Every structure is written in C-alpha cells, then in structure tokens.
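Accompanying notes for the structure given below.
Read-outs throughout are calculated quantities, based only on the coordinates presented, and are distinct from any laboratory measurement. Counting neighbours? That spans all protein chains shown, and the Cβs are built from the backbone with ideal geometry, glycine included.
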Amino acid sequence: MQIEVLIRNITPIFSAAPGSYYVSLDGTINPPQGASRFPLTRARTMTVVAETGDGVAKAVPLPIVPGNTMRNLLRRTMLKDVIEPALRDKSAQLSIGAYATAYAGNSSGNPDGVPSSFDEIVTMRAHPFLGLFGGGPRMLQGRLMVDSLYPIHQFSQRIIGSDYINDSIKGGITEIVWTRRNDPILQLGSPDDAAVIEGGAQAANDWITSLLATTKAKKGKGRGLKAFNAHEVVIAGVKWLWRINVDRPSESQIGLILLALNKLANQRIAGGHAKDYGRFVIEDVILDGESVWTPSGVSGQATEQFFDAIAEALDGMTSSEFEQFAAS
Amino acid sequence: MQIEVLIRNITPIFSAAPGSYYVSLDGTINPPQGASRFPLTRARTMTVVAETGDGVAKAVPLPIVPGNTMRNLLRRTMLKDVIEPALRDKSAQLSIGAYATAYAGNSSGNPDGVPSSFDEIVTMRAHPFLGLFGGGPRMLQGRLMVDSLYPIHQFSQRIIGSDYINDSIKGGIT
Amino acid sequence: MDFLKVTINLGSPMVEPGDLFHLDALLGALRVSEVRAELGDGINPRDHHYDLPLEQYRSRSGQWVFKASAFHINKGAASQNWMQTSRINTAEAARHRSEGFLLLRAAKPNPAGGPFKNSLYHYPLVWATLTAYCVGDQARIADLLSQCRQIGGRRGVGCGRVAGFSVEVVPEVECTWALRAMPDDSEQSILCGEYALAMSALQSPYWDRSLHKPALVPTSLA
Amino acid sequence: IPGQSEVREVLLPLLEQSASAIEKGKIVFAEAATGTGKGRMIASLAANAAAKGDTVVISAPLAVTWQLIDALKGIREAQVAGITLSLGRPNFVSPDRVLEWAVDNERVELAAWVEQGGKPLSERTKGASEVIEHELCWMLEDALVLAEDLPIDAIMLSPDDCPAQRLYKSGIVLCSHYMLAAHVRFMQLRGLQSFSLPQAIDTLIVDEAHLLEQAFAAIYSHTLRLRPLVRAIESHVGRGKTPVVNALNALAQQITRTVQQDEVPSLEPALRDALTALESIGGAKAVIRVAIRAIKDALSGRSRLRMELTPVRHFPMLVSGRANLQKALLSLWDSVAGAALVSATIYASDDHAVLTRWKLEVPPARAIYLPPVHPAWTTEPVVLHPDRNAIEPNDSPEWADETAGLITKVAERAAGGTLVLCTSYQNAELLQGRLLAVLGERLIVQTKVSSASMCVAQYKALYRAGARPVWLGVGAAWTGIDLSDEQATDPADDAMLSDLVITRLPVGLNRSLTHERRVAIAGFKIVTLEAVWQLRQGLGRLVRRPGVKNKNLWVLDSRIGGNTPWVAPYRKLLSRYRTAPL
DNA sequence: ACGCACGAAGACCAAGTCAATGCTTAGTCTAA
C-alpha cells in the first residue's frame, strides 16, 4: 500500500548536519584563514546525481530530511495522539521494557533475545501499532517502509518523479540564519535592574571584572555567555513529497497510519523547537493512486473501513499486548 | 496551543543583517567599483518561496525580524514586567548565575552535560516561566515554540496563509 | 539452463553492502515474500527460499551453491557516509513517569547505556547500477524481480529504490557466475580471478553466523 | 482490429495496444513517423471507436485533416457512424466581400464559383462533401485554388453573415486543434457559437499533439497588436479619427516609454485609458473588437503581460494571455475525454515524454508510455557532410557571406531540389541577397504573404521541370510541407529533397508564455530539449515515403563545432546519422 | 527477597579535512 503525502512547510525545516562547519559574515561557507570564521550548522544534504546545467550527470547536494527522522516522527505522532490516550483511557501502565520498545524499539527490557513462535509472530505482526514498527527484544521486521522527505526540486526529479513538476523549485532553497547570545549582566543600566540580584552592584562588578580578565587572557594566548554564530536552514514554502509504503497491511494498521496523518500537522519536522522550525501543513494524501485528502483531514467513503477498524482496535487495546510484544 | 499576534509598527523596524553591504548615493546596492560606494547595513531578509499569478514558485527575499531576537524580546518583557516585580514584592533575591540563566538560558558557555532527574524535569517544565524556555546548564526542552515576525506581504502569502490577504501590501516595504 | 545477466537501476541511493550482495539471496527473499503473500506470516522462511529458478553447483564434498554471482557495484557517485541516531525523548518519558504511564523508579536517564541510551551509527550510501550474472530461467527471474522494490538494506528508511531492472542473455565469455562465495574445494578452472579464503555462508541467509563456513570469497568483489 | 488491412508492419506492434488502452480509459503517447501511414491507422482507430458505440472526434491541421478524410472514406466500419465536419469561420469565405472583390478584379472564376453556390471544386473538398454527404458552401480552399491574389485577412465569414450555416448544428467528428480550443473555452466559461462537439466524448485522437499545446496557448493568449492596430485605424477608421488616434498613440507611447523602455501597477492607468477610449472604435469593427477582447483579457487579472519592441521593425507590441493553463483547462479535457495522441517528437532521448505530459496536462496515473519505433529507411539513407559553419549564427553580414558561400557550393554540388532551413525572416532576408547573385531565379523564398499556399506547388512544378530549385524555408517550411516526389512512384527517387541544410539549431523558436513558465519552473534544460524536438521535426521533411535510398545532409552552426556543453543532445541526435566520408 | 538503584571503574591512541551546478533569442492564423 503506497501513501503519497504532499507536505508544504510553513516555517523553515532545520535538520542539523553532523560536523563543525564554518562561515564568514559575507556568507562564504568554509571561509579561508584570512577572514573571520563563525561556526555553522548546515542542513542535512544528500549527494544525488542530476542533470544540472544541461549536464549528463552531476553529483549535487540536495537538502532533505532523513528517513529515520520521518519514521520517528510518525511513531511519536501515533504514540502521543492515538496510542497513549487510548491506553490512558483504560488506565494502562507500561514497564520500562514495554515503554522503551514502544517509543524507540529498544531491546533493553529483555536483551537476552527471546524466540518467537510462528503463532506469536502472526498475532504480533498484526498489532495495529507494534506491527508497523518492529523491534524490542524480539526485534521483528516492521511492515512500515517510510522514505525520506525529498523536496520537490530540479535535482530530485529522478527520485520523486515528474508527477509533481508544477511545484518544483529551480534555484537553491537553503538560507543562513544568524544567532547571537548576549551576556545579560552587561545590559544592566540602573540599580533598579540590579535590585533582583542578591549581590546588587557588587556581584555585577565582579562578573564584569571576571569577564574582562578572561577576555584579556584569551586575547593574550572558562567560556563566557557571549556567542555569535549561524545555522543553515531550508527556506520556507518549499513543497516536499513523503512516500510511505506498508507491506501487507491490515485494516487496523492502515487506519492508524491515516489517524497519524490526520494528527501529523500538529507535530514538527526535524529540529528547531525553540525557533518554531519545521511547521508544515499537509496538502494532499494519495492512497494507491487515489486522492483522499479532504479539507477536513483524511476522510471519504473509501477510508471509513480503516477508521472503523482502528477505532475497534483502540477500543480493545490493552497494555498486556505491549508487555507480550516486549517479552516483559 | 496556537497564538497569532497581529502587529502594526508605528516606527520603522531595523534589524541589522550581518555582513558588509555597499550602496551608492543613487540607491544602487553593490555599485560598480567606478562609482562611489558607501557602507550599508541592510535590514535582515530571509529567503522565502513566493507564488505569483503565473503559478511559478520562486525564492525571493523578505524583510523579517528573526525568531531568536523577538523570542529574547518576549523573555525580557516577561522578566521585566511580570516575573521580577513578583519576586521583588516578596523580597526574593536571585544569584548572578540564576539571573544570567533566567535572562539567557545558561550561566556560562559550557553546558554541564549531565542528565537531569525526571522529577526535576517535570518540576521545571511545570514552572510558569522556566517551563516555556527551558535551557539551563542541563539542556531542558522548553514548551514555547516562537516564530519570526513575517510582514503581511504578497511574498508571505504562502507562509502566513490567505486569511490575512486584506492587510497585504503589494510593493516593496524597504 | 540458460546464462543470464541481471541489471538493476536505482531511483534512490542504497546502503553500500559491507560484504558480498548475492543475487540468489535477493531472489530467495523475493520468493519468501511471494509465499508470504500467498500463505501468510506463519510460514517457515527456510522452507521456501531454495525454490529459485537457478541451477546449482555441487563440489566434491557435497557443498553446493547457487550459480548466481554477487552483485557488481559500480558507483555513479562517491559514497556518502549517512548518519542516524536513536534516542528516547527524556522530557516525554519524564512526563509519562509522573503520570504513571511508565513504571520506572530510576531517578535519571543514562545516555551512555540502558533504556535511554543515545546511540550514533553510520552506513554508506551509494548511487550504483547493480549487475550480476546467473544461470537460470529468464522469465521466472524477471517475474521475481518485478516485485522487488528496494535493494541492499536499511529498507525501512527507504534506501535503494528500484527505478528499473533488465535481464539479458549474454555469452558465457563475458563474465561467469563464480563471483560469489564458493565452497572450499571448488575447482580452480571455474573461478574468475583471485579467491581469498574466508568465513562466509554458502546458502541464504548469509547473516546467520551459525551457518558460516570457510569459503573462497572473491578478493576483487568484497 | 477493424481497418487494420492497410496498417504497415511498423505500426502493427503499437496499434493494437493503443486501441486496447482506449477502452481502459488510459491516455497513451505514440510516435508514428512521417511516411509510415499515419492517416489510415488514425482512421482505423476511429473505426474501432465507432464500432463500440461511443462518438469519435479527431483533431488535426486542416491539410492533414483533408488527408485523413481521404484515408477514412474507404473504411466502412468507420462510415457506419455519422461523420461530422469542422465549422471554422476562416475555413470559408465572406463570401459577399469576396464576391465584390472578385467582381472588382474581374476574376470571373471566383464570381462564377460563388454565384453557383460556393460548392466544392477541389478534390479534397469535393470528397469531403460528397462521400461524407455534407453540404458545403463558400469554402476558402476553393477560393485559394481559384486565385492566389487574396492575401488579406478580410476574406473571412462576417459575423452577421446558408446551408452550411444550417449544417453547423445539423459518430465521427472532424475538427482541428482550435475547434477543441473553442469548445474547451465554452466549457470553462459557461459550464463552470459552434457547439456541435459533444460535451463528453470517449475517444479522441490527435495526429499532431506536440503543437496542440501552442495552439491552446494561442487561443488563451490575446495580442494587443497595438502598433498595427493604430496604423490600420489611421489608414481606415475615420469616425472621429484625430482624438481616437491621439488617445491610442498616447497609450502606445506611454507603455513603450515606461514599460517597454494588469499585473504591473504602472499598466493600470494605461488599461483604464484604453478601456475608456478604445470603446469609441462599419464592417471593420472586428479589427477593433479583437483589441477590445485583448484589453479585457489583460483586465481579467488571470493574464501575464509580455511586451517589447520588435527587434527588426521597432514596433511596440503587447502580449496578454493566461500562463496558468496547467490547472483547470487541460484537466477539464482529461475529465471530459479519454483520448490518445500521436506526434513524431513525443518521446525525447532522456525525458521519456515528460515534456508531453507537462505541456498537455495528463493525470499521472492515466498516462501510459509506449516504446519508440523507427523504420530502417528513415535513418540509414542519408549521410551528413562535415561542412560545419565557422561563424556564430548571428546576424552579422560576414557570417551571412560565409554561410552563403558554403550553401552555394552545396547547391552547386546538390544532386537535385534542396531545402535550406532558415529560422526567421531576419536571417533569410540577410541571406537571400548574396544567394540571388549566383542562384538567381533558382532561389525562391517565403515572405509575409508568400507561404505554402502556392510556393510549395511552384517548387514542386519547378523541380519536375529540372530547374534544380532551392527552397529557403522560413518557419512554415520547418513543419507540415511535403517534399516527397509522390508522382515518381518508384519510390526511391530522392531528388525533390535530395539535399537539405540547416542554418541554426534552432534555439528558442517557441515563444509561448507557457514555454516561459516551463523554462522558469525547470530551467534551461527544457528549452534545449524543445529545440531538439524542433530539430527532429525539421528532419521530418526529409522523408515522407518509404524506401528512400540516398539523401544528404548539411549542418551549419559553429556551436556544434565549439564543443559547448549544452549542445550535447544535438550531438547525440545527429550521431544517429552516419557522416559523409569526406 | 529477588529486583532494581546507583556510583566507581576501567580501556585510553589521537590525523587531516572541511564547493557542489551555470545556460538563448521571433512564426502562428487552422474558433468568438
């Protein structure tokens, strides 16, 4: 079962790329030693081959959101929006092993390695939630195969396809946002400001003297609060395509996926919680080539069976199933 | 919980864009070397995707206020007008480190790197002020998702939605 | 019964296999997928992964392998080191612990190890055209590869989508099926190039360490 | 499949699956090479559709429409369903204005034809009116055949101005691309004139669909024609001429000075002034009504304004029209009709007909691709001479001199009739002067009036006369005209188009605003492959009959020799053809 | 009353890198 979700991000999407990369004030990535350098946290870029500038094949980087991040976002959305309220309604309680399995598929609950009988595999892989995301001490094969969030760009034509050519962006989609942290003590201006500080003026004087001495020592050869740097993000408004496939899905699993897609807009993508990065709105959801996204979320006469099945599953779901899956 | 604040600025807003920029007397940005150039500190613009009547989506600059700057503005406003008066009413004193962390999220540039206890995390995230911003020597995820200040413009229609089209401005605002 | 060349084209980068990626293993996985769709998930996978349209080579000692060479890796771009992590949200777990959803008495998470361990791992991603040589039925192999969508590994996160495939009959002189894990006492005349002795499994599954045997592994393919 | 008797071997593997996909509701894309028997296989598909009950519609240019009519008339299983015609106004003559024009010129042939009733005289029109049993009058084809002395566009059915008029509303439907354009206009405007086309048809076939997109752009784009409009007003309009031309020229000068030298705010005052003044605007009222429609189309707010002075004549010009044809217009066609289409330039070398799917909006799941085909007698019997051009194909006189010398030695070496492919009138006029010194009368070139109406027939007659004529095609000759020696039924004569030379790639021949939208969305890649399409289309003139044995080709562009990266697809395309072993 | 919490501890060598994408020029008339 193929799920095609068209995602447009209202706010920039920031997936931090590993590594210590530098940038200058003018915007030159990795400036030479001559000019000043400031730390930069670039976006997650994947090397892809594309026909750039009428070339036969060019390995150009493409800013994407990692597929594992999308998988974890879907899992967290399910847990925090349908699974956890359903278990709370029954006053269910989970041990550490079951909870770790449910939230990250971590086998710490029973790292011995437990055999699974064929009947047990049949029963558990049919679970509405744990079947999609395999793991735990048993560590099955999940039925969910979610792709990365490839932007609809010129370089992603051979990964996305030509079905959504109308929304492609020709130029670059990355922008550098500069951050700064200021020492609050240096911004005091009157004894009224320093009234709340227990040391009053003396504490601020000692703080400023220590800062000056540390700065002088560092210039001659403990880190203060003051810091200036930038992080690279993907510009807002770019459309993204998310491809989700479920292998041999039951009605309950598809219903759960649809519920998560309904509640997915409330969550964020990748990082940037402080700056409200990653906010997005679902534009279209496609089920096996059939559009299902109504303005009131995923609905229609062709998905009532999935919603009914998942509602029935939520009605009878208990923590004992999670414990059995986690071998706790 | 979503909060949308509609702001009309009485006086011009000037957020410095880092980096050196030059302009001639006529108004041409980055003039040719033959003509006279003068230093210019541009207003910060973040590249955004804007759709036009032609249906093509293109990347255009948009003068905005950074999310970090006015997040700090909100934090300072809360501290100055709500938190600190309440503390001073009961003669409560904060240490220099506590004040620094309250106003900037950290007492120093080096984070502790030691995990926090669960009860401490719950208590801090239930704090009216510390719960919103978090931070501290041990990184605590705050509850406040704060966004930048987007002007209601034809370029920002895709970003801010179409429900504020009645207040949009067509031409350049810089 | 016929000599074949299998070509696979990628629409997404795949995980570069650390060890040999064998055509017979992929065909067995696809056959197991077929019998799963036809019977269900209660089947024993070891009862259907040898029903492949490939004829077998048997050595003096009875050790047998499929005549299906390991996939050749030709890279259209430099390998990219892909980074992935794993973490349980500590604030979310703390909230659940407060509300009784989680039964944890421990005071603190331990990012170094335990239930709340943060882990960092890497695997390489490559753009390649997968070419391998085998002896079998063209129609049945093409039918099996028709249902294959992803190649290599890390398929849960969508690595190695198949843009297309092609199966062609080629002269024997081009390249043999021997570029695989052959048994220890295989005849020298049928081996293409140098063969280093190492430990690997001869029949799929190839990750089962209990099935590992001393085998001749091609040096120019590992 | 009925009607498969005349289907050739090359079309056999594709015809059955194309027919099967019709009832599947899937739109399919095919490349029936010119000279492979397109007309009769289109007719066979139409007969198949008519046999199963649903009405049939076919879209084609007028000349190939006549050709297809000739092919389909012999098919009984196509004749079982009622066959209807096209109802285009310029497809006929005024005829009262035409009658008076012929009377004043004493052309008794035209006068006799119109007074008889304007009944068919040409073979194509006679067949389409007799075998199809459709009473017709005043058709412009017969008037053109009778006399070529009617270059003006005033020869056109007056809106106030017949048995054909009755048959407008009185199975198989014959129409062009622009009939479909008019009907999709009808649906989009009223659903959201000549309404004979059913509002929902289960089968449509287009023999030339690569040019359907530009036709839909043309119908959805209205040209101001401002400078020719004011010139015609000054020459003809006399009703308060002075203030009207004052206002119109003020508009022209103001837009030229401000914009050239309703999306644009500065165009708003000009639009208001045009709305107020041009309403002041006789039988020539349509010449002003077209400009009025262009003005209100610009006012509609759904249009994009493109304006610039003419590079050659420096006449101010304004272009307005909808660039957003990709959302509701073609999708309306897809919803209305399940159809198929054919064009020789559908599938590109690496695009895999994506450009077709984008230009002609097709649902992603409804589109089905088809393998490419090509007969052996289309690529083998021609060799390319390595005589490349040494100068950039600009308008410099020295480049014209060198190109003229090269093509002059080619013409001296030419075995028989030859075609030199010129992109624009600017290059031809710059080039014809040097040629006329040596070639003399042997060279014949198009003009603003001179076109395939009589020039192709004159070239055919002169070639049969042994003059070894040279046809300097300009734009029109790039597509549609036939250069197969049909009378010489060997068929391998290879003399009427023994040799042909290309002057440019070309680059950016298409100037539709939709093309501008596409190049903005996708970049310079789309225009390069569109030019590859054009180059392949130009090669379509080389062969239109099977069994051609020996022809020659010349390439004249320094860019192909300059090894610039972007001409790689042209190198790949020409590499299919063996070079001349010089 | 076995299960879980929680600090101390024990391996301990240690570099060179940090761009990956630029590209041109006017014919159509076959629906109101």
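The table below gives the values:
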read-out: Selection count where residues are surrounded by 15 or more Cβ atoms within 10 Å (Cβ to Cβ) and within 13 Å of DNA strand E (Cβ to nearest atom), scope the range D:192-202; value: 3
read-out: Unique match (being closer than 30 Å to D:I22 by Cβ and either within 16 Å of DNA strand E (Cβ to nearest atom) or of a type outside the set (A, V, I, L, M) (or both)) among D:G338, D:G321, D:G301; value: D:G338
read-out: Verdict on D:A209 being more than 8 Å from DNA strand E (Cβ to nearest atom) and buried (at least 22 other Cβ atoms within 10 Å of the Cβ); value: yes
read-out: First in the range A:22-35 and among the charged types (D, E, K, R), second anywhere and more than 11 Å from DNA strand E (Cβ to nearest atom), Cβ under 6 Å, 6 or more apart; value: A:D26/B:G19
read-out: Qualifying residue in the range D:177-191 (condition: away from DNA strand E (no atom under 14 Å from the Cβ) and farther than 21 Å from D:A286 by Cα); value: yes
read-out: Set A:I13, A:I3: member being within 14 Å of chain C (Cβ to nearest Cβ), surrounded by 16 or more Cβ atoms within 10 Å (Cβ to Cβ) and under 22 Å from the mean Cα position of the chain (by Cα); value: A:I3
read-out: Residues being away from DNA strand E (no atom under 16 Å from the Cβ) and assigned to a helix (DSSP H, G or I) - total across the range D:537-571; value: 1
read-out: Among (1) in a strand (DSSP E or B); (2) away from DNA strand E (no atom under 16 Å from the Cβ) - the single one A:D81 does not satisfy; value: (1)
read-out: Odd one out for A:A59 among (1) facing another protein chain (nearest Cβ under 9 Å); (2) out of contact with any helix residue (DSSP H, G or I) (no Cβ under 9 Å at 6 or more places or on another chain); (3) more than 27 Å from A:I269 (Cα to Cα); value: (3)
read-out: Pair list, Cβ < 8 Å and 6+ apart or interchain, from the range D:78-95 residues that are more than 17 Å from D:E130 (Cα to Cα) to residues that are in a strand (DSSP E or B) and within 12 Å of DNA strand E (Cβ to nearest atom); value: D:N91/D:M139; D:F92/D:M139; D:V93/D:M139
read-out: Qualifying positions in the range D:439-455 - among the basic types (K, R) and part of a helix (DSSP H, G or I); value: D:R442
read-out: Within the range A:51-78, considering residues that are at negative phi and part of a loop (DSSP other than H, G, I, E, B), the one nearest to DNA strand E (Cβ to nearest atom); value: A:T52
read-out: Every residue from the range A:94-114 that is closer than 15 Å to A:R75 by Cα, away from DNA strand E (no atom under 12 Å from the Cβ) and touching a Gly at 6+ places or on another chain (Cβ under 8 Å); value: A:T101, A:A104, A:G105, A:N106
read-out: Within the range D:159-172, considering residues that are under 26 Å from the mean Cα position of the chain (by Cα) and more than 10 Å from DNA strand E (Cβ to nearest atom), the one farthest from the other protein chains (Cβ to nearest Cβ); value: D:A164
read-out: Looking only at the range D:344-369, and only at residues there that are in a loop (DSSP other than H, G, I, E, B) and more than 25 Å from the chain's Cα centre (by Cα), the one that is nearest to DNA strand E (Cβ to nearest atom); value: D:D350
read-out: Among the candidates D:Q458, D:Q534, residue that is within 12 Å of DNA strand E (Cβ to nearest atom) and assigned to a helix (DSSP H, G or I); value: D:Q534
read-out: Evaluation of C:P205 against (1) over 30 Å from A:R158 (Cα atoms); (2) more than 14 Å from chain A (Cβ to nearest Cβ); (3) in contact with a helix residue (DSSP H, G or I) (Cβ under 9 Å, 6 or more places away or on another chain) (one fails), failing number; value: (2)
read-out: Pair list, Cβ under 8 Å, 6 or more apart: the range D:205-216 residue more than 11 Å from D:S176 (Cα to Cα), other residue aromatic (F, W, Y) and part of a helix (DSSP H, G or I); value: D:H210/D:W533
read-out: Residue within the range C:101-117 that is crowded, with 21+ Cβ neighbours inside 10 Å and not in a loop (DSSP other than H, G, I, E, B) present; value: yes
read-out: Residue satisfying condition, being surrounded by 20 or more Cβ atoms within 10 Å (Cβ to Cβ) and within 16 Å of DNA strand E (Cβ to nearest atom), within set A:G171, A:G136; value: A:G136
read-out: Any hit, the range D:215-223, residues being within 14 Å of chain B (Cβ to nearest Cβ), assigned to a helix (DSSP H, G or I) and within 11 Å of DNA strand E (Cβ to nearest atom); value: yes
read-out: Residue match in the range D:116-131 (condition: within 12 Å of DNA strand E (Cβ to nearest atom) and either more than 28 Å from D:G282 (Cα to Cα) or more than 14 Å from every other protein chain (Cβ to nearest Cβ) (or both)); value: no
read-out: Helices (runs of 4 or more DSSP H) fully within the range D:246-336 counting 2 or more residues that are away from chain B (no Cβ under 14 Å), under 26 Å from D:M187 (Cβ atoms) and of a type in the set (G, A, S); value: D:285-299
read-out: Any chance C:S98 is within 12 Å of chain B (Cβ to nearest Cβ) and either in a helix (DSSP H, G or I) or surrounded by 21 or more Cβ atoms within 10 Å (Cβ to Cβ) (or both); value: yes
